[PDB]
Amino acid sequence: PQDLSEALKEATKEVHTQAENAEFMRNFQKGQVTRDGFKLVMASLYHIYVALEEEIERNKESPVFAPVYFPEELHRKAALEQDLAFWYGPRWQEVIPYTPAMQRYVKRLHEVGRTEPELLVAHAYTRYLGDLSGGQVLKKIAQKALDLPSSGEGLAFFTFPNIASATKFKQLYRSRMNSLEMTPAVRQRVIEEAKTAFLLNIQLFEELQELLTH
C-alpha cells in the first residue's frame, strides 16, 4: 500500500503467522509454558534489546530514524535488567545464557545499525510494535501459567509505564513511520528487513524449543 506502515503490516502477514505457528509459541499460546522456557525467552529479549537500543542511540539524530525515536516511551533494557534479576538471581549477568540463535539476531542488529541505518526502523517496528500488541496477550497467559509468588517482580518488561494509551501511541508511531523519506528501492529493503526480523525470531523459537526438550 501507500503508507509504509500499511505496507509493512501487509508484507509481514505471512511470517507473523509462522511466528504464531512455531512450536514454542504454539505451546505458549496454549498456556503451555514452563519457567525454564520463560526464563530463556526473557534472556533472549535482554540481549536483543540491549543491541537494538544500543543502535537506536547511535542513529537517534539521523533523518533515517529520528522520526521514530521515542526513548522514554519504549526503552525496555532497564525493565529486562529488573526482570532477569528476579528470574536468574543477583548474579544473573554471569549465568544467563547467550545462545547462537540469540547471537545471530544480535549480530544482524549491529550490522544494520552500523552499516545499514535506514533499515533500523524495520527492526524497531517489529520488536516495539509487536511487543506492544501481542505482548499483552502473552503477558496475560504468562502470569496465569507461571504461578508466581506475590513478590512484585518478574514481568516489568510487559508494562510500558510511559505510554498512557497503546492504541493511541501505535497510531502516532505509524504516522512518524509514514513521514520517513526514502527512495522506492530503500522502501523495498525496509520491507524485506522486517520479514528478516520475523525469521530471526522464528529461528530463535526453534532453537529454544530444542534446548528445552532433552
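In this text, the rigid core denotes the largest set of C-alpha atoms whose superposition between the two forms falls within 1.5 Å. Numbering starts at 1 and runs along the sequence shown.
- The segment moving more, judged by mean Cα distance from this form in 6 other deposited structures of this protein after a core overlay, is 130 to 138 among 130 to 138 and 86 to 94.
- In summary, of the stretches 108 to 116 and 140 to 148, 140 to 148 shows the greater Cα distance from the shown form in 6 other deposited structures of this protein, with structures fitted on the rigid core.
- Here 142 to 150 and 160 to 168 are compared by their mean Cα B-factor, and 142 to 150 comes out higher.
- A summary of the deposited B-factors shows that, of 179 to 187 and 47 to 55, the stretch with the larger mean C-alpha value is 179 to 187.
- The maximum CA B-factor among the listed residues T126, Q103, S133, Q82, taken from the PDB record, is found at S133.
- Per the PDB record, residue ranking by Cα B-factor puts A122 in the lowest third of the chain.
- Per-chain ranking of the deposited C-alpha B factor places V95 in the middle third.
- Placement of the Cα temperature factor of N201 within the chain: lowest third of the modelled residues, per the deposited record.
- In the PDB entry, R26 places in the highest third of its chain by CA B-factor.
- Placement of the Cα temperature factor of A78 within the chain: lowest third of the modelled residues, per the deposited record.
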